[PDB]
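Heads up, the chain shows up twice below as structure tokens, two forms, tagged structure 1 and structure 2.
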Structure 1
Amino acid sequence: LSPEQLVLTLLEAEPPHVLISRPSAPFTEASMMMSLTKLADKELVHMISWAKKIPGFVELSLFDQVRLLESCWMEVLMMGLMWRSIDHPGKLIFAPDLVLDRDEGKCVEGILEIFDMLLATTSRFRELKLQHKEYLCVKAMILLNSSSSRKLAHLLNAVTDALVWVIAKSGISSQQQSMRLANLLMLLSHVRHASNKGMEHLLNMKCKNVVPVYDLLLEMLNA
């Protein structure tokens, strides 16, 4: 599978966009947490289907398939969130019908810090002019880099080759190609940071009983 062909399989694996669904009502710490957990649960169902559509992911051991999805889920969600918000300065596009402002994060205690992190990282992706095909590779790399091992090292290498190929297709200088690749992978650390913070907050909100004990979202949060 050439890098173009692999990029195409990722384009085709793309999960469908989740619509939030709500009977109106304004924002309180419990209501916002409710909407976010409702969105994430539906998105996780589709994320498992997306991963399955990545060539070679089903060839990995069940242990490895479960390992990668359980470690990276919050990071994959926030990447999708960041990508949806790229053309919307100062806003977080959770769903077409759920657009949150920075100042709206003052609702839930602990959420503001995460909102700021995601907004800063989205602004960095905006600055870099992240392309849809770069987003496709970066997101799949997030899944695979949350670490048989030969099949995983191969699949991670193939997605990385595809990204390098995507950057070369822009016609930019070799020095600038290495710099863009480094600039995109340096932000992976920021995605992990926001994710670590998001997950710590989710445990906190459940400990405080702000939001109820979930189904597939709770499974991901636990093991």
Structure 2
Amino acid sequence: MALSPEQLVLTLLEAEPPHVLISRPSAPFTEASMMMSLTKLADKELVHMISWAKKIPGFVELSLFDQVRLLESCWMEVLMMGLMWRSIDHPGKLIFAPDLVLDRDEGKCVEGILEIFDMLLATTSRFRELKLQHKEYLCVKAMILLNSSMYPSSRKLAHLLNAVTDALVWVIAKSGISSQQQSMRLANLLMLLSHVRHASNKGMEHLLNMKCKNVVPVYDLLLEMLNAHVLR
């Protein structure tokens, strides 16, 4: 009942994290400062991602190992999915934050992010061509959280993933297009999940290179967030 399509979307809509306000530094972007304004923004969003995930129906009913498994495997993917939704209507730019809008070429000051920036902009453009809705994005983001763990309590997670899947089918069904067009959109939407995951792995492979070059302190930003923040 709480997993009902119309209801689950409303729950997902009310679980959306608040906008994080980070601004540009006064000095021009250097490799150290840009890699710092991005990991600072990521740290703040990861605080809200825990509250968002805990607010998806059934997530708190999962085991503690499964919750950590899902978050550890999806946090970078969820950060990128939210970035592409904020940049969906601004071609050539990445809307990390309202007061932090980065043009593409601005990534020329840090080694190797332009490859990652082009991946994000390309996937964002494909979501623009598909005319991604707001409720498709809410389902897709929740699906990323529930599906990104590989597991290389199990019955409850499978039920939630199917529930969010029913919600995405229900949102597409509201478009009124043909049954064949409804399957095509569902397939075009989910085939992009591979491109988001690819960006998740590549943009994260780049973050490991920055820790080895002593540009950033640590690599696992979720682990860093949890270690530094305190429980109320």
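Shifts are known only where both forms have a C-alpha. The first residue in the sequence of structure 1 is number 1, and each one after it adds one. By rigid core we mean the largest C-alpha set that fits within 1.5 Å across both forms.
- The two forms, fitted on the rigid core, differ between the two structures by less than 2 Å at the CA of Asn204.
- In the core-superposed comparison between the two structures, the C-alpha atom of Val213 has shifted by at least 2 angstroms.
- Comparison between the two structures places the CA of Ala25 1.6 angstrom away from its other position, after core fitting.
- Identified as moving between the two structures on the superposed core are the stretches 21-23, 212-223, each made of at least three consecutive residues whose Cα atoms shift by 2 Å or more.
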